Amino acid sequence: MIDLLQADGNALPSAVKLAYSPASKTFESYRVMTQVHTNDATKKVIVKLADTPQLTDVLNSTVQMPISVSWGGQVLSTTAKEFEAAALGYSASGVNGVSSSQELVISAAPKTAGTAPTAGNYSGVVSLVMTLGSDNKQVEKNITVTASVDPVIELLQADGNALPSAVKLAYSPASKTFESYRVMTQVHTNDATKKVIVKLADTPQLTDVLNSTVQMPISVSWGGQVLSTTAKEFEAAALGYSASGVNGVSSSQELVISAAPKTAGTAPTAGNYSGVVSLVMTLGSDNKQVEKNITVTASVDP
Amino acid sequence: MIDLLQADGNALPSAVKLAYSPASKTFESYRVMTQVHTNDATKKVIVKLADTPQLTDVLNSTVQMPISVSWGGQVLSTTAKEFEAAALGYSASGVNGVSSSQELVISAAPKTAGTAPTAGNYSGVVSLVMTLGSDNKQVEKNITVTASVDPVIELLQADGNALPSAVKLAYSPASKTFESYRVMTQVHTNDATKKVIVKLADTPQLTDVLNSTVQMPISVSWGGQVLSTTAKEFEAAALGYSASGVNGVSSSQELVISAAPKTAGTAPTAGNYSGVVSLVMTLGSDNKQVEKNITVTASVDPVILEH
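Residue numbers (the numbering used here), protein chains in the order written: chain A, 1 to 302; chain B, 303 to 609.
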């Protein structure tokens, strides 16, 4: 009665993966050349979708992306398009009952174009329906459509530049203390509803490069919170993403690195000092983290 | 009694320009090798600044950037540092009171680290003070420091992708219309107080790819407003910049590209159409413009296709 095959003669795939590039933040469309096979090369071919196809987050039902489908140069929907028989330009030369090749295109993207897709595994179906002249001289081809957006987290300077791998704290010889390093930062994330968990991988210390026993503690605060080896969580809501501004980038958070003696009033031993702040930023429950080692130096001059 | 010249023997410049790197968002330091001339090559040289030097925006005095000044390896402040004469390592071999060469580093950075500075012209003075034995006698060398932060404007997709080079408009045979292309865009600028001026460079048409006479008009709207070859102004405050969000970036602005057939109610001629939208965005009163040329395609399919 009616069927739709690859232009080969091969059966259409039951399933289809749409390759994602993190670089361009798009899915590559699935593109196949097809032919209609029929007994009846005189009736209008009526092409529709059985429902509106959606890629849906396989772990979360609120997170959707519209699938687009075209066939024969025509955007398909739940409303049927009719192709005149003569247009599909059937052969009966020696393959009798087979249309010219028509491209099937399966595309996906976010519902608001220009915005990035959420981290996740996505699943849906394209139910393609072809009839002659209505009735049920009918075929349904279902194609499973899956995609994958790998969870991703970056920490950048608020200007988009990489964080310094090396930082120098000035010493005030009057107050006997250090001037704090302060850099404005933003988290760039795929998964903007998840907690951000921030720790230090180890307790940081400035060490006298000539005297292994002369340490002074470093203090690190981020986003207004004093950090340590014990993880502190930041609710996504208290970080200031927007669903209508700079999508998937937090508001500016101040990174603050300082140093002082363990006890106030101590005269810091004259010398050059060094140490490494290891900053760990983890995406809630996505198995993704970013790690920044920052070398911290200082000189104590009398 | 005490003065400071270049290592050559030439006088210090009265003025110095800081080249700004747009890529790294910082300034190329001015570095000059200097020698101290004196009558008393055996004393403490006391080196200090008269004032705290700022680069200040020359059309706005609330926009400031700190100057750093070093000499001999030491960062200088309004508090004086002493240099032991022995340390400056003076000659009297046939130059009778002249130091070993010691480098003057004039630098500046943005007010807040990790933040791009505003487009503008900045001016300040380094008022370098040197003293013999911290007594009655001294020398002031003033160096004017200017820097320029060049205006920049980029138009991007809201996710930070580039705009597409190419756009395909679907045709609906039932309503006899095109489905509009929509994309969310943001303006990135360092000159965030200026008007953004938006026009089309040419009046855009979908033309039949094989016949020039057969054409349909392309409509373009950005940020709610229909674009033409006449420029339209958008006030900076309307575009929803923030002094404390993602700085230098507008709120999202929808670009909408459509086409209508030449006469309403009439099926466009069957065939394949192509044309260019040349979108020009200009920063108000600056030079700096961005142009995005988008190719707009369309396949028309009437009578052949129904409902």
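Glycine included, C-beta positions come from ideal geometry on N, C-alpha and C.
Minimum Cβ-Cβ distance from residue i to chain A less than 8 Å
| i | result |
| --- | --- |
| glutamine 488 of chain B | yes |
| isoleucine 596 of chain B | no |
| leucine 351 of chain B | no |
| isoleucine 606 of chain B | yes |
| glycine 547 of chain B | yes |
| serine 467 of chain B | no |
| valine 365 of chain B | no |
| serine 477 of chain B | no |
| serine 395 of chain B | no |
Residue i to residue j span [Cα, whole Å]
| i | j | result |
| --- | --- | --- |
| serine 221 of chain A | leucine 227 of chain A | 5 Å |
| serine 258 of chain A | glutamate 235 of chain A | 25 Å |
| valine 36 of chain A | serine 77 of chain A | 19 Å |
| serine 127 of chain A | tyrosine 20 of chain A | 22 Å |
| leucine 306 of chain B | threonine 381 of chain B | 19 Å |
| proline 53 of chain A | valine 125 of chain A | 6 Å |
| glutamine 253 of chain A | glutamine 157 of chain A | 9 Å |
| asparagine 161 of chain A | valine 365 of chain B | 22 Å |
| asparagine 362 of chain B | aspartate 342 of chain B | 45 Å |
| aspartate 452 of chain B | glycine 422 of chain B | 7 Å |
| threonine 340 of chain B | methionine 303 of chain B | 5 Å |
| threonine 185 of chain A | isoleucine 143 of chain A | 44 Å |
| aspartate 603 of chain B | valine 105 of chain A | 17 Å |
| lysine 232 of chain A | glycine 284 of chain A | 11 Å |
| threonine 213 of chain A | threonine 269 of chain A | 11 Å |
| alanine 388 of chain B | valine 397 of chain B | 16 Å |
| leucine 88 of chain A | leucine 132 of chain A | 13 Å |
Test: residue i CB closer than 8 Å to a CB of chain B
| i | result |
| --- | --- |
| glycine 73 of chain A | yes |
| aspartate 150 of chain A | no |
| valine 196 of chain A | no |
| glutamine 35 of chain A | no |
| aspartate 40 of chain A | no |
| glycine 271 of chain A | no |
| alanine 298 of chain A | no |
| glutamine 157 of chain A | yes |
| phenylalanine 234 of chain A | no |
| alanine 237 of chain A | no |
| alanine 113 of chain A | yes |
| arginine 31 of chain A | no |
| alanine 87 of chain A | yes |
| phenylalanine 83 of chain A | yes |
| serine 24 of chain A | yes |
| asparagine 211 of chain A | no |
Where the alpha helix (DSSP H) through residue i begins and ends
| i | result |
| --- | --- |
| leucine 88 of chain A | 85–88 |
Endpoints, beta strand (DSSP E) assigned at residue i
| i | result |
| --- | --- |
| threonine 56 of chain A | 54–57 |
| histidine 37 of chain A | 30–38 |
| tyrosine 273 of chain A | 271–283 |
| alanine 313 of chain B | It is not in any beta strand (DSSP E) - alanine 313 of chain B carries neither H nor E in the DSSP assignment. |
| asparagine 121 of chain A | 120–132 |
| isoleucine 606 of chain B | Neither: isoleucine 606 of chain B is in no beta strand (DSSP E) and is coded neither H nor E. |
| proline 66 of chain A | 64–71 |
| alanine 566 of chain B | Run containing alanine 566 of chain B: none; DSSP gives neither H nor E here. |
| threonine 189 of chain A | 181–189 |
| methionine 303 of chain B | Careful: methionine 303 of chain B lies outside any beta strand (DSSP E) and carries neither H nor E. |
| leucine 465 of chain B | First-last for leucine 465 of chain B: undefined, no H or E at that position. |
| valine 498 of chain B | 498–502 |
| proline 217 of chain A | 215–222 |
| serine 552 of chain B | Premise fails: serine 552 of chain B is in no beta strand (DSSP E) and is neither H nor E. |
| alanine 449 of chain B | 440–451 |
Member of the options whose CA lies at the smallest distance from the CA of residue i
| i | options | result |
| --- | --- | --- |
| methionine 432 of chain B | B:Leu502, B:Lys346, B:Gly416, B:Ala468 | B:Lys346 |
| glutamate 608 of chain B | A:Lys81, A:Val16, A:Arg31 | A:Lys81 |
| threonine 26 of chain A | A:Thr230, A:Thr189, A:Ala147 | A:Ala147 |
| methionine 33 of chain A | A:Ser14, A:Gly9, A:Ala15 | A:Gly9 |
| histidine 490 of chain B | B:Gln404, B:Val592, B:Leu357 | B:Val592 |
| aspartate 202 of chain A | A:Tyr241, A:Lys141, A:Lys194, A:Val280 | A:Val280 |
| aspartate 286 of chain A | A:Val183, A:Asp191, A:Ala243, A:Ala23 | A:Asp191 |
| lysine 319 of chain B | B:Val371, B:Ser331, B:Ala325, B:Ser326 | B:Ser331 |
| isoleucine 499 of chain B | B:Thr358, B:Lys590, B:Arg333 | B:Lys590 |
| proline 13 of chain A | A:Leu155, A:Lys141, A:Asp57 | A:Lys141 |
| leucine 55 of chain A | A:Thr295, A:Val145, A:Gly240, A:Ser180 | A:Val145 |
| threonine 565 of chain B | B:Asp461, B:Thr479, B:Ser544 | B:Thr479 |
| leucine 541 of chain B | A:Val246, A:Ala238, A:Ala237 | A:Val246 |
| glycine 525 of chain B | B:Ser552, B:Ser546, B:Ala418 | B:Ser552 |
| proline 117 of chain A | A:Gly248, A:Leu163, A:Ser107 | A:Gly248 |
Check: Do the stretch 258–275 of chain A and the stretch 205–212 of chain A touch if we need at least three Cβ pairs shorter than 8 Å?
Finding: yes
Check: How about the stretch 363–377 of chain B and the stretch 307–316 of chain B: do they share at least three Cβ pairs that are nearer than 8 Å?
Finding: With the rule of 3 Cβ pairs closer than 8 Å, the stretch 363–377 of chain B does not count as touching the stretch 307–316 of chain B.
Notebook entry, point to check: Do the stretch 461–471 of chain B and the stretch 546–564 of chain B touch if we need at least three Cβ pairs shorter than 8 Å?
Noted result: yes
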